[PDB]
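We begin with a single chain expressed as structure tokens, specifically the form deposited in one PDB entry.
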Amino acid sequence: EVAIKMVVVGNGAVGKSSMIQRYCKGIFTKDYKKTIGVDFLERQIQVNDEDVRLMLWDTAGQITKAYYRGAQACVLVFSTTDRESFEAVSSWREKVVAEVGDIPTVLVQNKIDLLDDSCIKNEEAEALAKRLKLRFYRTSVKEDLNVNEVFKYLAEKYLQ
């Protein structure tokens, strides 16, 4: 079994904990509880012909070097309804790079079910993905849309 440590970063309330808990535990709740300390969740999946255990590290976005240390893949998350979270993506990217260098990374626009309150045009999100040279997924944790694919992509990229 191959273990992969993955970090998930982004501004407060973008849905980092919701993403991780949906992926690992299959649930979603509407109430916002800011993450306390660092929470460790895991999921065992199959990639090709190999058992893989994804070790997902969760912490609040509003961070110690120990959180990033040894990270092998990274999700950069912003929220459909939070322009500041989108503007902060580059800052989060550079924070991760400064800690661990070049690791497989993916850009995620979460809360896509709230498109009526969107603060980011589709073309702006895609322009950011291109400028950062990152694969881009639109997710809804509430609807369980594309969450599995985000983590599968990172696991496949690490193993390749």
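Rigid core (definition): largest C-alpha set, two forms, superposition within 1.5 Å. From 1 onward, residues are counted along the sequence shown.
Below, we refer to the form deposited in another entry, which is not included among the displayed structures.
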At a threshold of 2 angstroms on the CA positions, core aligned, which residue out of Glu94, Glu126, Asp39, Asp117 shifts between this form and the one not shown? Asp39
Any idea whether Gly37 and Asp102 get closer or farther by CA distance in that other deposited form, knowing it moves 3 angstroms or more? farther
Closer or farther: how do the CA atoms of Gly37 and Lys142 lie in that other deposited form, compared with the form shown, if the change is at least 3 Å? closer
